[PDB]
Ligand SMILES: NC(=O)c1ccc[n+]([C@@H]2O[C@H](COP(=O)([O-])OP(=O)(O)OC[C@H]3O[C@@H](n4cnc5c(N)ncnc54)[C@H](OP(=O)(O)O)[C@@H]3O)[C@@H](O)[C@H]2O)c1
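Encoded as structure tokens, the following chain is the form deposited without this ligand, with no partner shown.
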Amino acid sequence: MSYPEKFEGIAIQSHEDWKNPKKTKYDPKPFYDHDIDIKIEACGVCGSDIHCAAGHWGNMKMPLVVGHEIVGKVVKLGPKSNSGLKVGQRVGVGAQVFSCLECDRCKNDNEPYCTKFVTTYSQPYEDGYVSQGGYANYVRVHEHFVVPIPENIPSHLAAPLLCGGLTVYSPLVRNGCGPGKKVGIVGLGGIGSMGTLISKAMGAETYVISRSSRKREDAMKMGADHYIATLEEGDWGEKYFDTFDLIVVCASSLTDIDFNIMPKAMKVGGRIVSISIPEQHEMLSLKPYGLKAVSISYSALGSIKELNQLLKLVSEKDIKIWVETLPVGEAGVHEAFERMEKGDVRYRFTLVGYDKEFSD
């Protein structure tokens, strides 16, 4: 039925047919004093969306509404709200929808790494409800995770930042991506793109590192000071020896990426940071010997503090990311999905046209 009691959205019915989501009606999460209800109007299709649906993460309780690069308007503030959000205000939600907010890690701004962390969708809250939202009309989120969206940034062009962009940003900021640093982006995909842009925006000689050359042109349109085609190198680590300060590996899987060569290209003290989460059956594997004065680590999402920093940056220096809009709906999602697997996206798919798909 109408808003209040029931939410509607394009939802997965079975991992078996994850490519065919059907519009569905479901009960929202119980509303809490700090929660906020946001009427959605745009949602970036995140690679994670695809892996989840396909069940690459495991068997998830269905039905299931995916999507977590949300940009909608505030349509109802809970009793104890104090974040300073007004009703009808333009807001965003990313991958995190809950945290404890009391631990050291939260107070210290590392909510993605909280003991009691909960993700936007597919995860049951401490009370049982399995997080939904995304490819739907409304999403119910705790105010700490809802953010203001700068005026100049358009919805379809902001949403992707709530997750993908943030994901690249966090490690880039945290590891000094800035003036005079040499940064490599491994995998000019959805997240790969924003990182390439975000990276430059920060003033770092950005190198884009892909396999073929299919994307050389784009990487360069994006402002990448350099591009590297692995298949055309034999030993790129050898050629680019001692050049990088930081390399953020953001690629769907971690198979076609030899991790015994990469270190060579890192400066003493260099850092390789992966943004990936592949089909569980996968593991990041590399020869130990090589981590000689070069560290390797993994990163998850970012802290809302940073999510804000990014939005601001994307806003202040007019960062135009590459998005191709699709119409929300059993179809749009389908295409969206279909294509994302084929890798047939000009980097980011932002679902829109929410207004004319759910009605009243």
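The numbering used is simple: start at 1 and walk along the sequence shown.
The discussion below concerns the form solved in complex with this ligand, not included here.
Proximity of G184 to this ligand in the deposited bound form: non-hydrogen atoms within 4.5 Å are absent; the residue sits far from the partner. For the chain shown alone, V87 is not a contact residue for this ligand in the deposited bound form, no non-hydrogen atom being within 4.5 angstroms. Proximity of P263 to this ligand in the deposited bound form falls outside the 4.5 Å heavy atom cutoff. Although the partner is absent here, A251 sits close enough that one of its heavy atoms falls within 4.5 Å of this ligand in the deposited bound form. Interface residue among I198, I275, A219, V71, judged by heavy atoms within 4.5 Å of this ligand in the deposited bound form: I275. Of the residues given (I40, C46, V314, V328), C46 alone sits with a heavy atom within 4.5 Å of this ligand in the deposited bound form. Checking 292 to 300, 314 to 322, 59 to 67, 329 to 337 against this ligand in the deposited bound form, the stretch whose residues place heavy atoms within 4.5 Å of it is 292 to 300.
Interface residues of 197 to 214, taken as those with a heavy atom within 4.5 Å of this ligand in the deposited bound form (partner not displayed): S210, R211, in sequence order.
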